[PDB]
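Okay, structure first, notes after.
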Amino acid sequence: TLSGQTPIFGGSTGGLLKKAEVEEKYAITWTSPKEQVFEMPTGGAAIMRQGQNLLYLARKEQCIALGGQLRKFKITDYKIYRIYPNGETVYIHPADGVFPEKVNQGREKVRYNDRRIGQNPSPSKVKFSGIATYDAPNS
Amino acid sequence: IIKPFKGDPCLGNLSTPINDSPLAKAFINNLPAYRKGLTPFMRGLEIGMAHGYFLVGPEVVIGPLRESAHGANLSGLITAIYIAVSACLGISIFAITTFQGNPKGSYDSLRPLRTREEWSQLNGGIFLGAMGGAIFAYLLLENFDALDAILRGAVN
Amino acid sequence: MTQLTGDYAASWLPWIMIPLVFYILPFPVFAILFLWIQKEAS
Amino acid sequence: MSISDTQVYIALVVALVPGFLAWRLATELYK
Amino acid sequence: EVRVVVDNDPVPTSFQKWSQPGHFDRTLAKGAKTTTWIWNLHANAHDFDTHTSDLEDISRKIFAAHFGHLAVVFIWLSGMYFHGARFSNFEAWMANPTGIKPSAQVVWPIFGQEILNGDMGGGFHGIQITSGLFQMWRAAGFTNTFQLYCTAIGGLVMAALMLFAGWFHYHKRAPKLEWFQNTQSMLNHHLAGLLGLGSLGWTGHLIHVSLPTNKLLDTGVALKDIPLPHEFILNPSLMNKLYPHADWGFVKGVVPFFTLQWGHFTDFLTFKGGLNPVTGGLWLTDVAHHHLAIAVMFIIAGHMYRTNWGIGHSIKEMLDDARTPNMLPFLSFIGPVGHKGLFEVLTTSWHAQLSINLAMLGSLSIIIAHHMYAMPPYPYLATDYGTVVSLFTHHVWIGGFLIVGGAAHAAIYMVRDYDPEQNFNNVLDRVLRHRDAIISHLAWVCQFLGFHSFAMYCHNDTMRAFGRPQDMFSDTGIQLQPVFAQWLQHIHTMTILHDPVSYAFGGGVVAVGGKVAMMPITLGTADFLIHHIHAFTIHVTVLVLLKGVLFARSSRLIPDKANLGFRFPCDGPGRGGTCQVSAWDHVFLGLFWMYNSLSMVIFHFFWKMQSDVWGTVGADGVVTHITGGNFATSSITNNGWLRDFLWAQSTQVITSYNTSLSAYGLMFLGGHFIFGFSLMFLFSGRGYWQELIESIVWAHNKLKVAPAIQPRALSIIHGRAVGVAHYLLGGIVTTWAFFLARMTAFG
Amino acid sequence: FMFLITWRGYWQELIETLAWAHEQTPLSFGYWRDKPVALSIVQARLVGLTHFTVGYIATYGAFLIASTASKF
Amino acid sequence: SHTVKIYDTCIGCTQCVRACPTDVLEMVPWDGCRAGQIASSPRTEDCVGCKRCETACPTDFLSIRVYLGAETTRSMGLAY
Amino acid sequence: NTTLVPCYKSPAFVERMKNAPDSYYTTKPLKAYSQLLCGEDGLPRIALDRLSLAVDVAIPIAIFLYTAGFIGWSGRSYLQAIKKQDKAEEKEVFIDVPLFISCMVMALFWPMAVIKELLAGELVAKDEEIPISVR
Ligand code: CLA
Ligand code: CLA
Ligand code: CLA
Ligand SMILES: CC1=C(C/C=C(\C)CCC[C@H](C)CCC[C@H](C)CCCC(C)C)C(=O)c2ccccc2C1=O
Ligand code: SF4
Ligand code: SF4
Ligand SMILES: [Ca+2]
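Residue numbers (the deposited numbering), protein chains in the order written: chain D, 21 to 159; chain L, 12 to 118, 124 to 172; chain I, 5 to 46; chain M, 1 to 31; chain A, 10 to 505, 538 to 788; chain B, 668 to 739; chain C, 2 to 81; chain F, 25 to 159.
Okay, here's the thing in structure tokens:
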């Protein structure tokens, strides 16, 4: 699962709302070799600890805007979770342990078209059909 | 001092002297919307009566009928009937339409009426509340010349 | 004059049809038109 | 010479025939 | 230590970089690929914080560009004194400041535009100026046009002095960073040396040039008999029939000041507190005493901060001591840090200093506009009705642009110069930590006031059309009296010394000759309703601008907004659409709202003055105002603003063809063009326009006349900046042409 | 002109603020069934063209009617 | 729930993956480039729609598209 | 043919010459408008007749359209000059005025220089060398 001490943050207003209790809630988890201060994605500034840190955010763009901030503090070990309200913590970033910029094997060409972009079919080819013109199984 | 909301720095509120005082917490949590140990009819009956009583106010002295006396208090009552019919229409319409699988979230405070049998009982309270109050302030306004006398000793 | 009268036939009929379709019936109508907009499928 | 008092009430019940048939069409078009 | 440090010759002086435009940005110096390089060269020429990175080299560019700016004001200030010297009727106006109209700026005889040379009285043909220069030179003691000419010469040699000092302090002796960062020493010399010695120098001019000259001009010496101002110092017996309670000698007349027998000055340093009933302005004895109490208070307050002699205050210690062991207990909510780390904000970044110096200079220029109509300071200013309105309207617009600039650089500070290291839990961190509670309650009071100021104008508009004038918010129907503002008009007339200061409050009608200078401005329901239009439009102007300052870092939409920049169009069509999420597009939207706010301040002024203040007095005592009590009854419906103000008072700019007000009728209609022209850039987007250049580039590539500077449509930000630069130009010049055609058809 | 000059992300950060003040206030027992968003990009072009058109027609169809039925 | 398709004009410069704020794209191995990579979008349910991957693609008439489709609660960025 | 009487015997134009100022704008340019056709309100109209205003309308055509195609031909022959020098990116901002004047005096006889490129086929670019869209 997840664990860690929360950073020294004096409370905010841009934090979690009733969506985080009812639908989904994200959690970033990093570790720091320093008692440094960083900028919160929910507005303000907080002091991260020296052990395992743990911060609950509301949506995934707030975690990776924070994850792109820790990479400028030379902290590139963060794990992002997604916490459903029944307690199910899935682990979503980075999925394979490796960052999505550098290539790993076993990964799949998912949502890939084997044509140029300019040779997509016309929307009159797909008239009264279920598919869109960018799905288009020919080439 | 302003600390985070119930000890959670990640929640989006602050434990400020307005929402987390001793006074303003014991005033809000004792208003009939939040008072502990009330059936939802008695919540709505007390919420309604405080609202029918004042809503006849702004139409009997600055309304279109303010020049007369007997017809002024009718147009102030007729207003608070229509304000409180169309508001108690809107909360039967609210509970029909929000309790279908998401009872304000099954998974929490400031909205402790999450059942649809606790809201259909509330709607019966605000209707009979806001029209007992609309009549009590109507019977105290059409009988105002008879109530100026008994509060001045003019009736011996 | 100082009053809304009607010389036309059935002059009592705008007296009730103008409050009906404009401020008495639409809040019922906006309730019924809200109960199928926000009605759930299963 | 305007129309009578009854001719208004005659028009109101004749226009229930395209008022109900407008409901048969609006639901057969499956709102 | 507060010592001086410079740098000997840091920058060479050559025309080598004038041949390479765009040298400051690295992407602009590599060539002009498209026509966006043309526009990016001017949008980045003064962004000195992006040319370099170090604050030592930025602050030398700031300091040397102020000198080249001061050398631009001195060119314009030598053009106002030169036009009063050679192309004016200042001789004919000083003899008779009632019948002769103030005019400079004659027009050349070409293209038939000499019809603008209307008759100004006394055979002078020119344009009636409404800038108040003539009423200001009379208060300075100018009598002949030679003294105006050698002020315009003396400013041209002061422009070449200030232009030489910008070359000298960037190319020869440029200061270092620790010379700019002693702002305690700077406040000592600006309070005492600039604002204290400036109002001590001016109170020496007033009592030696202005107070003798304006005393003899009230007896009507008709500009032969008046002496030149050096003859009141060279001949000290000449200033003894005037002001006889003093001695007026070179050493013998000063010694009442040092022996503290200041009753010898009580005839030319008064505390009368009223308007001069022969001229209309304030007493120049009352003004000369005023600058002496200002120069004392500023030279005193310039010895507050600590330079290198130990004694004095330090702002570093005063800011860092406002934590919360030591506050008042009802405002002890601002942090155990307090505002430590805030002297490092206003010293290590010039955008933090510019946002305070613009909002203070903006709010000063509206306080100035509100005081020069109610306490008119110049002789024959208050009765020149074209000058009273064109000086209120000028400094309201000037002082409202600077407010929006004070909220632009309070947003460039957050995107660029904001540091979460030095601002942990201080008074600026704690504002961003609750910024959805500032904006929630601001967007409610903008909403509370929009219903209770504007929808009460729609209630009155419907009751007046219904034929129910007893049901609307009138002085005859449902009265809304300004209870707390009618009471301050009662206080400021029951505390009078013996003359009623500011006749706007009450008591007396100053009616110096012909027209009326000042009258009581009473307040009814039409003044209650219009001060809440101003309260509503100021709050939405704040709400637009404060939303761009607090949400310049991040939001719930884009949590990495400070990495996209200050001036970016959007973050794509995602999240439903995120156009105008930047901090720039809240300055852009707060410029329309500054416009709507200040155009109702100058419309409340222009109609309340005409109906309740200005007018003419007869031989009995009653006053017939310009529109005649029109504001009280008809300014409560905005059909009355349409009919009784915009339609009925534009009969002087509509019917201003074939006459001498002909240019105001053209600027009125040329103004309506630029407003409607602005809506091409505001309403449409650049993807239509880029896809329209491509069909026009084709017709040039066909005829082989295509350019290599490739034609691109303007940016998204650049297309919004030219849609607000035209709305705020053609909406101002149509009000400038209406305020001035209406009042220079009367006087 | 509000729907044509102001664009969508001015209003999404403002509805995000009024939806904060609704969740954190007492005695406000309503709650949105579907979350308030600022209405979309190609919608406010249509919502701001509907008012431009109606205000073009209510103004000229009241000037043409009243400047002919009064001064014939 | 948008639709991020990726076409074979890719060059494997990884610039769309570094520009994505929500980690929708990732680099998988391929044979038709010198980097041997091509982008793929496995987390298209996290597509916020912002088309920031489209401004970073350097191929002319870019090799990645975002087709804005049926928007949901995580494809519209609602923290409430 | 029309009711546009000349301004000599128009009974509404002679009042514009009766009460008028002098200076330079309503005396000599007003007696030069006397040979112009003017309607029933004394304002000189511009009609199109066969021969009485054949060259009277063709002087504003031929004088303008020469120095309309004199600005255009010196701007076209300058952009073609700086593209054979392979420096057109930087010569369009910094105008090489010894060449722009040389391409101006080559455009002084442009009607006998355009038709030397029409019959030679060098005025237009051919359709397979011009950038277009997906059509
Ligand atoms: C569609 C044509 C049309 C229109 C524009 C109107 C308009 C009006 N009628 Mg009506 N009316 C109509 C047809 C119409 N009528 C017909 C055919 C009848 C005979 C039954 C009537 C009988 C009638 C009476 C008795 C009265 C009016 C009155 C009025 C006025 C106020 C509305 C109201 O309160 O009464 C309510 C309207 C009805 C009871 C009947 C209207 C329904 C008709 C049959 C069809 C309209 C529906 C329409 C097709 C919906 C499509 C539009 C939608 C897609 C947006 C208003 C000017 C009042 C008046 O006189 O004002 C002083 C009044 O009391 N009408
Ligand atoms: C409180 C300061 C103050 C005030 C009220 C005035 C007022 C006046 N001055 Mg002035 N002056 C001042 C300071 C001031 N001065 C200083 C510091 C200098 C030297 C830089 C001068 C140099 C000067 C000259 C050369 C002239 C005047 C003139 C005048 C008269 C013209 C009208 C006007 O200025 O608009 C009203 C102005 C204001 C309402 C405020 C002005 C801005 C000051 C600097 C604000 C200072 C901040 C203050 C401590 C905070 C108090 C808050 C307050 C602003 C509401 C007028 C009575 C003219 C004159 O002589 O008339 C006969 C004239 O020619 N003054
Ligand atoms: C005249 C046109 C117009 C109107 C009516 C508005 C109205 C509004 N603007 Mg807007 N704006 C406009 C032009 C207009 N604007 C233009 C041209 C721009 C271009 C730059 C803007 C840019 C702008 C910005 C940037 C902002 C606003 C905001 C607002 C809201 C302010 C809150 C308020 O005042 O509550 C009061 C409501 C009114 C004043 C509207 C009139 C109310 C009528 C008279 C009562 C209606 C009666 C009844 C309810 C009708 C129901 C009948 C039924 C049959 C339906 C408000 C609804 C601000 C906001 O969001 O507030 C929080 C905001 O920040 N505006
Ligand atoms: C009209 C318009 C354009 C097109 C605007 C253009 C092309 C700017 C026009 C400026 C012209 C091109 C000035 C160029 C002058 C030349 C240098 C010629 C002068 C040479 C002589 C002086 C010799 C946009 O790009 C745009 C973008 C976003 C929103 C709205 C709009 C918009 O409304
Ligand atoms: S889409 Fe862009 S970043 Fe991804 S492989 Fe293609 S060129 Fe490289
Ligand atoms: S739309 Fe946004 S989140 Fe989706 S792939 Fe493009 S940049 Fe990434
Ligand atoms: Ca009434």
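All C-beta atoms in this analysis are idealised placements derived from N, C-alpha and C, irrespective of residue type, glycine included.
| Query | Result |
| --- | --- |
| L37/D versus chain B: which residues are under 9 Å apart at the beta carbon? | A686, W687, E690, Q691 |
| Give the DSSP bridge partners of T4/C, in chain order. | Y68/C |
| Return the Cβ separation of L400/A and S374/A in integer angstroms, given the expectation that the two are a contact with Cβ distance under 8 Å. | That pair is no contact at about 11 Å. |
| Tell me which same chain residues have a C-beta within less than 8 Å of the C-beta of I156/F, skipping the five on either side of it? | none |
| Note down, in chain order, each residue of its chain lying with its Cβ closer than 6 Å to the Cβ of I102/L, except the 5 sequence neighbours on either side. | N139 |
| Does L17/I come within less than 9 Å of chain M when only Cβ atoms are used? | yes |
| Which residues have their C-beta within less than 6 Å of a heavy atom of ligand 4, listed in chain order? | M721/A, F722/A, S725/A, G726/A, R727/A, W730/A, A754/A, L755/A, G760/A |
| Beta-carbon within less than 7 Å of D701/B's beta-carbon, same chain only, minus the 5 sequence neighbours each way: which residues are those? | none |
| Secondary structure at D128/A, three-state DSSP: helix, strand or coil? | strand |
| Per DSSP, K45/D is paired with what? | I103/D |
| Compute every distance between the C-beta of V29/C and the non-hydrogen atoms of ligand 6, then say whether any falls below 8 Å. | no |
| Which residue's Cα is closest to the Cα of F76/A: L172/A, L37/A, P21/A? | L172/A |
| What distance in whole Å lies between the Cβ atoms of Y544/A and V551/A, which are believed to be in contact at a cut-off of 8 Å? | 6 Å |
| Give me, in chain order, the residues of the same chain whose beta-carbon lies closer than 8 Å to that of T50/L; leave out the 5 immediate sequence neighbours on both sides. | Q137 |
| Please report the distance separating the alpha-carbon of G30/D from that of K14/L. | 6 Å |
| Contact defined as beta carbons within less than 8 Å: I believe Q690/A pairs with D393/A. What is the distance between those atoms, to the nearest angstrom? | Wrong, their Cβ atoms sit about 18 Å apart, outside the cutoff. |
| DSSP puts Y314/A in a beta bridge; with which residues? | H322/A |
| Are the C-beta of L681/B and some C-beta of chain L separated by less than 9 Å? | no |
| Flag this pair as yes or no: are the beta carbons of residue 1/C and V18/C separated by less than 9 Å? | Outside the displayed span of chain C (2 to 81) sits residue 1/C, for which this structure offers no information. |
| Quick check on the burial criterion: 16 or more other C-beta atoms within 10 angstroms. Buried or exposed for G112/L? | exposed |
| For chain D, find out if any of its Cβ atoms is closer than 9 Å to the Cβ of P600/A; answer yes or no. | yes |
| Bridge partners of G30/D, per DSSP? | Beta-bridge pairing links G30/D to no other residue. |
| On the criterion of 16 or more Cβ atoms from any shown chain inside 10 Å, does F670/B qualify as buried, or is it exposed? | buried |
| Collect the residues with a C-beta less than 5 Å away from any heavy atom of ligand 7 and give them in sequence order along the chain. | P75/L, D480/A |
| Taking C-beta to C-beta, are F577/A and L458/A nearer than 9 Å? | yes |
| What does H134/A pair with, by DSSP beta-bridge criteria? | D128/A |
| Per DSSP, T109/D is paired with what? | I103/D |
| Give me the Cα-Cα distance between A494/A and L564/A, rounded to the nearest whole angstrom. | 8 Å |
| To which residues of the same chain is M423/A closer than 6 Å at the C-beta, ignoring the five residues directly before and after it? | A593, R594 |
| Counting only the same chain and skipping the five closest in sequence on each side, list residues whose C-beta sits under 8 Å from that of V67/L. | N84, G87, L88, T90, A91, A150, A153, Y154, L157 |
| Do you know how far the Cα of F26/I is from the Cα of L706/B? | 28 Å |
| Examine chain C for any beta-carbon lying closer than 9 Å to the beta-carbon of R616/A, and answer yes or no. | yes |
| Is it the case that the Cβ atoms of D34/A and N53/A are separated by a distance below 9 Å? | yes |
| Quick check: the segment 85 to 98 of chain D against the segment 711 to 726 of chain B, are there 3 or more CB pairs under 8 Å? | no |
| Residues of chain L with CB closer than 9 Å to the CB of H443/A, please, in chain order. | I13, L25, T27 |
| Does DSSP classify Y387/A as helix, strand or coil? | coil |
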